[PDB]
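Understanding the architecture of this molecule
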Amino acid sequence: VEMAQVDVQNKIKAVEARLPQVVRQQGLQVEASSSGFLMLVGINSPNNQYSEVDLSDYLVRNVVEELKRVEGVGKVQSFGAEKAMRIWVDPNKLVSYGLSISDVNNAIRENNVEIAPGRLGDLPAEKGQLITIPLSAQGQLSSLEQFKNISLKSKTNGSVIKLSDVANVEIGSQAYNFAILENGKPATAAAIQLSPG
Amino acid sequence: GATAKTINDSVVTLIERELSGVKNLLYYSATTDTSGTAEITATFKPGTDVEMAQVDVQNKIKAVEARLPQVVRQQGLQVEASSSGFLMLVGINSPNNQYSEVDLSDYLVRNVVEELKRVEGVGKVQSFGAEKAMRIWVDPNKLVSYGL
Amino acid sequence: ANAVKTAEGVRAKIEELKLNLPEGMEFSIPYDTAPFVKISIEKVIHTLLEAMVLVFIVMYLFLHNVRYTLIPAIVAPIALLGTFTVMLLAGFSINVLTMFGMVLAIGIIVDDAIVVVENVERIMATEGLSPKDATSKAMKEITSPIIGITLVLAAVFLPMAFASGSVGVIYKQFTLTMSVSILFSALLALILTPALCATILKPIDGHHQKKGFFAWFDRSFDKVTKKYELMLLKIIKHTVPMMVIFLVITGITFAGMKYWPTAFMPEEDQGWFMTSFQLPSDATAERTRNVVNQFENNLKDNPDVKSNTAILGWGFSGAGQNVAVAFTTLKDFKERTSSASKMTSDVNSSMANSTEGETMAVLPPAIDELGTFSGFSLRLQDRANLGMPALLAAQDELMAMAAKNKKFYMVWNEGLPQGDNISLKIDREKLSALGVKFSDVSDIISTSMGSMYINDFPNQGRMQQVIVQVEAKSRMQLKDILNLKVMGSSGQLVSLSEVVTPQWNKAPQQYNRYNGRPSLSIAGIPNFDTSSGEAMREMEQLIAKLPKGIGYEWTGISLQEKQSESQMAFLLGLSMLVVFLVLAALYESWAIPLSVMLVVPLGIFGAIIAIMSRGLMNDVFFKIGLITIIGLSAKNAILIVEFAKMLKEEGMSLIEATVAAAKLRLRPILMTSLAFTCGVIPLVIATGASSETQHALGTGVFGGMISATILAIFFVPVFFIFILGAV
């Protein structure tokens, strides 16, 4: 099963010149698996404490990463996604100010930015330098309240509007594809497939 | 450029997620420091064929290059099974102080260290000098005096 | 790849580059290892050739004629030349472990041919019989021992070949080289030596004028074999108080093998060592250069030192400005006084008072690709999410206990220590109140301390780089970053010191990881007069005093050492169980193969005595010596109890049979024994380079064969009378 897997790895790298860029910017997995389920580990909440976007967030950050450290676990499919920062824009309020979604996208890129760290006293240095020390700057945003104050420059009258006036900012799931029932009650789970050999 | 804190979260913990499952393993480790690079070492059982174990790890990190940042993939990921020791150490000096050390290291990269690898059985050659470049040392006080 | 061959093609390639060098540039190789690889292998081959002639001398001191001695002398190379083909067809090589297996083999591959030429020396001298008819009457008596001696000695090295770990590969080199060499000498004792002894021997009659230094040896030997029967006839009367000594002898060995310290491989002097520097976390490279320059001026006046390279800014286990490593090469052995293990201590005493950081000179490892230095490796990892500051606060609990144990000597940690950071916090509301775009603040910080690579340019036949960086005088203090200015909306410049606020903290600079867990890599070398396994078990005592949730593991040379100690009782169990089974298949009983398994601890008794008088340890070379004694001391038992059992069924009783059977085979037993004893003399008295790895292999089989033969020839006639004399 491995000397047959190196045969197919020879051949698709002979066609990646002709594939589109958005395929190669997501890559091509080649993986020899079982096409079945060994077991199915789940997490529920009987007292309805946490909702299903919290249970699936707990499953990705903690559970499904250490389940693969067991030898013989080929892949683990999670049927829930971790949290994200979802911006639900209203396209009617956007054209009332003369904006576009490409302007909402560019405002987030300016205001939630990653600054390169650097050091202080790196080695093409002066004569007599005694202390070196790393330096860094916090450029990104952290909470909901910061995301609702990213300023947008209007194009109708030249006003100053925040992000919360043209959109709605919430913590939500990353992808909304799958959902899971377990006994009639909503939960989350992960499917475990065993390795070849 | 980045600190070892960020490489441990974005790069290192993604690759060791795949190695637990490579057969004939003994242990595996990883390390990071201030230089800006990481290195992960997988140690196999004594007697395992060193090439058919190298194709196992080449299967797995190409299953995580979707999730690595772009600046990692624009620099690639070397996978190379080496000795972690020094066979020998070839040097060049100048006893009459003719050439400085930026000239000696330039001579070593252009001429010496390229043809040393044409010897069969030389795995890698680490050079502890870099070739020349065009360095521009800007002054940020004179730059804002012109608005640049 | 190959060490000595790749190092020579590099040495050749440099010699062509001497021609195109400009005036003012010389090559230099100030650090090489393949000089030691070549010296160590001819030291083993020169050991093997001295081992042959010492075996050839004692064969000449017993048979008194050089035509007798060449008949088992020539079965030594053809058995070794036949083993070189088997190494090729199995993928083996020529290393010091295989050729140590031939130095051990020289004493034993002559044994299957010594019995044949000795036996025709009797029949040609006793009956006055012609050598062609003498050989056939000899071969009708001794064919049954050698077909038993071969299978009893080829089968003890097969259970040890199937061990695991790195010790299993060390046992294989000794298995294939020592099993099929006796198997090749078995047929060459049956095929070739009767062909020689029937032709190249003319009948020797009695020397009417017998003379020489050898003439005293033959008359005294018939005085000794007359004296040996009188002493043997005394102790079989007292066979019950002779057995009670035998339980006492076994009791010292069973405690001597459990209480003596253990190790893995003895460490040698390879002509070089390695210093490693580690300044604090904010040391610039000017501060590392002043530490190295003080280390250099302590080695300018020692006469033993040839060279000392240094690589500033890079070391094993981490690279940074506060990091260096030095390779220091000594002179060759005959010129040098003060060998290398003393010189690393003088570095570690004059560099613990003045030079600002941790400086540790260590010795090179035993096996090359198992580590970087000789010592033990520990991975102090946390197992339940305790966080990095708890784990770093857990090691200086462990680093405080190990500084006061006398079973240690400078335990330390491998890696970059903690340090200070500076983090800036941008005040956004103020920034928007001055009309300052956030995009222009976030890139006057980004392009302020790093370097930027733009594109290439042709520099006389090569494309080199164009790099843009801020000037060196404006990225040194924190206050040069807080005077960059950005344009507002009003029209004047706002400096960065008004909109940011620096704050210091303390975080690690290196994030190691081991088996999927966060860890710290702790190293350490054991104390003088204290073995590896002693220090390896006191470390795991002090780990049990840590905060709960902090695990540990062994890696590198130590994991292969702990794995080698769990398998010895199983490999010594099978290697004694197999020979007990195969002797019941040959001697057709259960009582007779019990009389051979009691001679096994009489040779182990000398194996531990010869260690404690010399102060070595219990390592993998001693365990190869133990399985050697198990097969070889059984050999001296099998020669007596085979001819005793045959003599009893032809019409003798038990007491008169073993007296005659031990008397008629004293001459072959002493011949093969001291040939193996003189076959390991160059292993015990070695002097030069790579001497210590020969002392470990040789002193176990030396005292083990002496205490076998001097105890066996008085004890297997005790065991054979008592076991068969039950009912």
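Residues numbered from 1 in each chain as written, not as in the entry; some residues may be left out. Chains lettered and ligands numbered in written order. Part of a larger assembly, values for the part shown. Heavy atoms only, no water.

The deposited coordinates for this entry were obtained by cryo-EM, with a reported resolution of 2.98 Å.

With that out of the way, let us pick up the overall build of chain B. Within chain B, the secondary structure is distributed over five helices and four strands. Listing every helix and strand of chain B by position from the N terminus yields α-β-β-α-α-β-α-β-α. Seen through its C-alpha atoms, chain B measures out along the principal axes to roughly 60 × 45 × 20 Å. Residue burial in chain B is summarised as follows: out of 148 residues, 31% are buried. Partitioning the contacts of chain B with sequence separation of at least 6, the portion at a separation of at least 24 is 43%. A total of about 8700 Å² of accessible surface is found on chain B, and carbon and sulfur atoms cover 50% of it. Both charge centroids of chain B, one from 15 positive and one from 18 negative side chains, sit 5 Å from each other. (Helix = DSSP H or I, 4+ residues; strand = E, 2+ residues; numbered from the N terminus. Buried < 20%, exposed > 50% of the residue type's maximum accessible area, 1.4 Å probe, protein only. Contact = heavy atoms within 4.5 Å. Areas by Shrake-Rupley, 256 points an atom, 1.4 Å probe, with all protein chains shown as cover. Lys, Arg positive; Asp, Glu negative; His and termini not counted. Charge placed at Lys NZ, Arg CZ, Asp CG, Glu CD.)

The partner chain A presents 17 residues to the 20 residues of chain B that form the contact. Summed over the shared surface of chain B and chain A, the result is one salt bridge. In this structure, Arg69(A) engages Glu16(B) in a salt bridge whose closest nitrogen and oxygen atoms are separated by 3.3 Å. Remark: the boundary between chain B and chain A carries five residue pairs in polar contact. Breaking the side of chain B that touches chain A down by element, the ones donating at least two residues are α1 (4-19), α2 (54-61) and α3 (70-73) of chain B. When the residues that make up the side of chain B that touches chain A are grouped by side-chain class, the tally is seven nonpolar, seven polar and six charged. (Salt bridge = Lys/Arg side-chain N within 4 Å of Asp/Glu carboxyl O. Polar contact = N/O pair within 3.5 Å; in protein donor to acceptor, adjacent residues only side chain to side chain. Nonpolar A, V, L, I, M, F, W, Y, C, P; charged D, E, K, R; others polar.)

Residues and elements named next belong to chain C. There is a patch of nonpolar side chains on the surface, built from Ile147, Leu151, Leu187, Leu190 and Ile191 and spanning about 430 Å² of accessible area. Where the nonpolar patch is concerned, the elements lending two or more residues are α7 (131-154) and α8 (165-197). No other element matches the three residues that α8 contributes to the nonpolar patch. Using a relative accessible area of 37% as the deciding quantity, one classes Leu187 as partly exposed. (Patch = residues over 30% accessible without salt bridge, like charges linked within 9 Å, V, L, I, M, F, W, Y side chains within 5 Å.)

All names here are of chain C. One way to put it is that helix α16 (residues 532-542) packs onto helix α17 (residues 557-565) with a least axis distance of 11 Å and a crossing angle of 100 degrees. Relative to α17, the element α16 is oriented roughly perpendicular. Counted together, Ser532, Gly533, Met536 and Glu540 of α16 and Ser558, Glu561 and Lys562 of α17 form the full contact between these two elements. Among the residues making up the contact of α16 with α17, the classes are represented as one nonpolar, three polar and three charged. (Axes fitted to C-alpha atoms, helices over the stretch in contact; angles between N-to-C directions. Parallel < 35°, antiparallel > 145°, perpendicular 65-115°, else oblique.)

Attention shifts here to the interface of chain B and chain C. For an interface, size is often stated in terms of accessible area lost upon the parts coming together. Taken residue by residue, the interface counts 53 residues in chain B and 66 residues in chain C. Both faces combined, the contact of chain B with chain C buries some 5300 Å², and carbon together with sulfur accounts for 60% of it. In this assembly, chain B and chain C are joined by one salt bridge. Between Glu16(B) and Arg513(C) there is a salt bridge, with the nearest N and O atoms lying 3.9 Å from each other. Taken together, the connections running from chain B to chain C amount to 20 residue pairs in polar contact. At the level of elements, α1, β1 (25-32), β3 (91-93), α4 (101-115), β4 (133-138) and α5 (140-144) of chain B are the ones that each hand at least two residues to the side of chain B that touches chain C. No other element matches the seven residues that β1(B) contributes to the side of chain B that touches chain C. When the residues that make up the side of chain B that touches chain C are grouped by side-chain class, the tally is 28 nonpolar, 14 polar and eleven charged. The pairing of β3(B) with strand β1 (residues 26-28) of chain C spans three bridges and is classified as antiparallel. Opposite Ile92(B), over in β1(C), you have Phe27(C) as the bridge partner. (Buried area = accessible area lost by both parts, 1.4 Å probe. Pairing = 2+ DSSP bridges.)

Residues and elements named next belong to chain C. Take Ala610: it is sitting in helix α19 (residues 600-612). Owing to a relative accessible area of 13%, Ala610 belongs among the buried residues under this scheme. Separated by 347 residues in the primary sequence, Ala610 and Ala263 have C-alpha atoms spaced 17 Å apart. Filtering out sequence-adjacent residues up to four positions away, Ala610 remains in contact with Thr699 and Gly703.

This next bit is on the side chain of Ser105(B). All names here are of chain B. By the secondary structure assignment, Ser105 is in helix α4. A relative accessible area of 14% means that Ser105 is categorised as buried. There is a polar contact of 3.1 Å between the side chain of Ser105 and the backbone oxygen of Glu101. Beyond its immediate stretch of four places on either side in the chain, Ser105 contacts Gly129 and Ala130.

On to helix α6 (residues 111-126) of chain C, then. With 16 residues, α6(C) should reach 22 Å at 1.5 Å per residue; the first-to-last C-alpha distance of 23 Å fits that figure. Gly128(C) lies just past α6(C) and shows a positive phi near 70 degrees. (Expected span 1.5 Å × (residues − 1).)

On to the pattern of salt bridges. Applying the stated rule across the entire model yields 17 salt bridges over all chains. We note a salt bridge from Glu18(B) to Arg17(B), for which the minimum N-O separation is 3.4 Å. Here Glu18(B) and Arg17(B) have matching classes, each one buried. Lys479(C) is paired through a salt bridge with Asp480(C); the nearest N and O atoms lie 3.6 Å apart. Assessed through its relative accessible area of 22%, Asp480(C) is described here as partly exposed. Connected through shared salt-bridge partners, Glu65(A), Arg69(A), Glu16(B) and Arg513(C) make up one network.

Before going further, it helps to spend a moment on the packing of aromatic side chains. Each pair of aromatic rings is reported with the distance of its centres and the angle of its planes. Residue and element names in this part refer to chain C. Going through the model one piece at a time under the given rule, you end up with 24 aromatic pairs over all chains. Geometrically, the ring pair formed by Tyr31 and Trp272 is edge-to-face, given 5.2 Å between the ring centres and 70 degrees between the ring planes. Taken together, the residues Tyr31 in the loop between β1 and α2 (34-63) and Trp272 in strand β2 (residues 272-278) connect sequence positions 241 residues apart. No difference in accessibility class separates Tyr31 from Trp272, as the two residues are buried. Between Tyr552 and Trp554, the ring centres sit 6.3 Å apart and the planes meet at 85 degrees, which makes this aromatic pair edge-to-face. (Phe/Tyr/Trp six-rings, centres within 6.5 Å; stacked < 30°, edge-to-face > 60°.)

All right, on to the nonpolar core then. If you look at the biggest cluster of nonpolar residues, it comprises 119 residues, and the most contacted ones within it are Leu104(C), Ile109(C) and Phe174(C). No other element matches the 17 residues that helix α20 (residues 620-649) of chain C contributes to this core. Ignoring any residue separated from it by four or fewer positions in sequence, one finds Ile109(C) in contact with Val75(C), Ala76(C), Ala79(C), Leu80(C), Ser181(C), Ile182(C) and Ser185(C). Listed in part, the 24 residues of the second largest apolar core include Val113(A), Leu120(A), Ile133(A) and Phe438(C). (Core = buried A, V, L, I, M, F, W, Y, C linked by side-chain atoms within 4.5 Å.)

Turning our attention to the side chain of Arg73(B). Assignment of secondary structure puts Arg73(B) in helix α3. Buried within the structure, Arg73(B) lacks any salt-bridge partner; its nearest side chain of opposite charge belongs to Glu65(B), at an N-O separation of 4.7 Å. One polar contact links the side chain of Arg73(B) to the main-chain carbonyl oxygen of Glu65(B), over a distance of 3.2 Å. Sequence-distant contacts of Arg73(B), that is, excluding residues within four places in its chain, are made with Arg24(A), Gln25(A), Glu65(B) and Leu68(B).

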